Amino acid sequence: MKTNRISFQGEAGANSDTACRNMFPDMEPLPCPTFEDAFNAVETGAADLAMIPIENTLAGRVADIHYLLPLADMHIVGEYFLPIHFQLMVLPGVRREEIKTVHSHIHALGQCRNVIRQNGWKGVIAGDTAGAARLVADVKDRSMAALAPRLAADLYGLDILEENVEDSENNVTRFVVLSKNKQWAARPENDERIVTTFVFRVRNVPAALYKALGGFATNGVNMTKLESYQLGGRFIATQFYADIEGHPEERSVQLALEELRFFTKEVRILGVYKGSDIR
Amino acid sequence: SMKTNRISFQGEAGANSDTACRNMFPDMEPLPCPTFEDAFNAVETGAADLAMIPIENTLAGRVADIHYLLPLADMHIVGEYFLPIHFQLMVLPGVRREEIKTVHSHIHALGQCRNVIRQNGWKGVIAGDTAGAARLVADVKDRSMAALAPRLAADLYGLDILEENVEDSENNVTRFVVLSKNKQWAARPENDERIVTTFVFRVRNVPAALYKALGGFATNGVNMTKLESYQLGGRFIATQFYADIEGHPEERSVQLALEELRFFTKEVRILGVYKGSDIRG
Ligand SMILES: N[C@@H](Cc1ccccc1)C(=O)O
Ligand SMILES: N[C@@H](Cc1ccccc1)C(=O)O
């Protein structure tokens, strides 16, 4: 029985929460303190899906999908890209002149340095960004401001003094949607975008990765993610996490994968899912 | 600037990062910093001569995004370090196992030590930092409070280690890189010494583009031990790669591979040339 819950790591109002609401508006987000807990909610049947961030353009917190996903009995059934924006929020009726300190995650402060220095404020560490909004609403100190996603302003009843105050623009986080059941996207018939995510092992010897990539190179398969991971503590063998643009039933991918299987061990397809238009 | 003999690390005194600083640079004075960025900035401003930064951990622990930070800093890798990660159950001096009710640690640490919390009927309690949990236990002086922390924190806070190496899974290793503001390359090996070269390069996001860039390493016997993709900007037009190879840029084989890499890439930047840990053998 489907519980209609989608787990994420963090507090209510976070960017992960925004991703759940944007892509699955009719679902009920389920906050979890850690990524592992967000995975575990799907394994136990508490949540139908999990929304897990894996890439962020400006060195943000992302889950080690290469470690967690292969240990799960789970599959990637979608992806999502959310542009990240920060909002300067205060208690209702608090004026700009009253603010002395701005509370956010220590990492968030460094991405919003321009407005903190231009206004002469002191950035203050907070355990969690959405928690910073929660903290301001709970402490009820008018001098304390928070930097949080737009969603946290509405949830915690805080006023947004300034919009999109982040230093850099074009800050995007990539999520993957996880499920316990193996759902593959249908083979494209009219040039639709499909992503296949898989892992494989090679020996840690020269050209071993080269051998594994040979089939995609000569079959015109575009690879869009590739991360190395040395197995155990030793340097004897290496596992790779990879995304390709293609469906496993396509002849070109079938040929690349067959060549990959001769040169590697333990090839596991972790998902076959629709790709975002940003590609 | 003036050499301060300080090495910055992210965390509180007694952390695993501090352990790496003391093991590898015993005569330096570790300089705690609340964030990785602050540990970088300590080197940029001259507060610290070196920075000890974790970049790989076997069980999904917290590491700095070296691929983002190091290319934007003007810093170099001048060393690496591999530290086996272990947790110690520590208590106030003379406290008996029967007295403990709560175990305090970082939430990720509690998640790696579930067996000893369950076997003894204790309640794990969240703490912001693992070494901080040891500090908290020594300060509160509540005999019922135990901590899970690195061995170093026990010596610093005068705590008794009730049980050793209590973590669930073994083979938990963290890889650090040693950073510097000034460039220094290890000398070219003459007798099969271990040397690592770390670099970034960009290719177009089209089929076979990475394949071309690796071609030179493949046919010259250059072993690559790390490779990470990073799609540039918001678009999917170009991709940056972070890579470690075992070799020195003056060796003929590496010279040829890098030359072939330069024909097939843009913006090749060598980020460091440093001695490799014996763990590579
Ligand atoms: N060392 C192997 C596999 C490998 C490549 C890149 C990074 C990590 C491992 C090779 O050079 O082909
Ligand atoms: N997309 C390019 C480069 C690339 C490879 C792997 C991961 C990311 C980018 C290729 O197929 O060669």
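Residues numbered from 1 in each chain as written, not as in the entry; some residues may be left out. Chains lettered and ligands numbered in written order. Heavy atoms only, no water. Residues with missing side-chain atoms left out of burial classes, pairs and counts.

Worth spelling out the cut-off: UniProt positions are given in the numbering used here, feature names are shortened, and annotations may be inferred rather than shown by experiment.
Under the PDB entry, chain B has the name Prephenate dehydratase:Amino acid-binding ACT and belongs to Brucella abortus. Listed in the archive, the entry goes by the title "Crystal structure of prephenate dehydratase from brucella melitensis biovar abortus 2308 in complex with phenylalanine". Check the Catalytic activity (unreviewed entry) section of the UniProt entry for chain B; it says "prephenate + H(+) = 3-phenylpyruvate + CO2 + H2O". The UniProt entry for chain B carries this comment under Pathway (unreviewed entry): "Amino-acid biosynthesis; L-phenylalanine biosynthesis; phenylpyruvate from prephenate: step 1/1."

The name given to chain A in the PDB entry is Prephenate dehydratase:Amino acid-binding ACT, with Brucella abortus as the source organism. Per UniProt, chain A carries the Catalytic activity (unreviewed entry) text "prephenate + H(+) = 3-phenylpyruvate + CO2 + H2O". Database annotation for chain A, UniProt heading Pathway (unreviewed entry): "Amino-acid biosynthesis; L-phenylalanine biosynthesis; phenylpyruvate from prephenate: step 1/1."

### A few points about the UniProt feature "domain: ACT" (unreviewed entry) in chain A
For clarity, the cut-off: A run of H or I in DSSP counts as a helix once it spans at least four residues, and a run of E counts as a strand once it spans at least two, with each numbered from the N terminus.
The UniProt record annotates "domain: ACT" (unreviewed entry) at residues 197–274 of chain A. Helix and strand shares over residues 197–274 of chain A are 32% and 45% respectively, and the end C-alpha atoms of the span are 11 Å apart.

### Focus on the pattern of salt bridges
Selection criterion: Basic side-chain nitrogens of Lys or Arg form a salt bridge, by our definition, when they fall within 4 Å of a carboxyl oxygen of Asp or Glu.
Counting across every chain of the model gives 29 salt bridges over all chains. The residue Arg 134 of chain A makes a salt bridge to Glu 11 of chain A at a minimum N-O spacing of 2.5 Å. Taken together, the residues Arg 134 of chain A in helix α6 (residues 129–139) and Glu 11 of chain A in the loop between β1 (5–9) and α1 (15–23) connect sequence positions 123 residues apart. Among the salt bridges present, the one from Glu 245 of chain A reaches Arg 279 of chain A, with a minimum N-O distance of 3.3 Å. One end of the pair, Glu 245 of chain A, is in strand β13 (residues 237–245); the other, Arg 279 of chain A, is in the segment after β14 (265–274), and 34 residues separate them in sequence. Through salt bridges with shared partners, one network takes in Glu 56, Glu 80, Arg 175, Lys 226, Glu 228, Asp 244, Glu 246 and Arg 280 of chain B.

### A look at the site of ligand 2
Here is the rule: Note on terminology: near, applied to a residue and a molecule or strand, indicates that one of the residue's heavy atoms is within 4 Å of it. Contacts described as polar in this section are N or O atom pairs within 3.5 Å, which, within protein, must combine one atom able to donate a hydrogen with one able to accept it, while residues neighboring in sequence count only if both atoms come from side chains. Only the protein chains shown count as cover for residues, and all accessible areas are computed by the Shrake-Rupley method using a 1.4 Å probe. Side-chain classes are defined by residue name, with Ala, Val, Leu, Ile, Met, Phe, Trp, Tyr, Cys and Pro counting as nonpolar, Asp, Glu, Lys and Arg as charged, and the others, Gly among them, as polar.
Among the 15 residues in the neighbourhood of ligand 2, the closest are listed as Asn 222 and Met 223 of chain A together with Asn 205, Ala 209 and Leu 210 of chain B. Flanking ligand 2 are residues from chains A and B. Backbone polar atom of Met 223 of chain A to a nitrogen atom of ligand 2: 2.5 Å apart, as the coordinates give it. With the chains in place, 98% of the 320 Å² that ligand 2 exposes on its own is no longer accessible. No other element matches strand β12 (residues 222–230) of chain A, which puts five residues into the shell around ligand 2. When the residues that make up the shell around ligand 2 are grouped by side-chain class, the tally is eight nonpolar, five polar and two charged.

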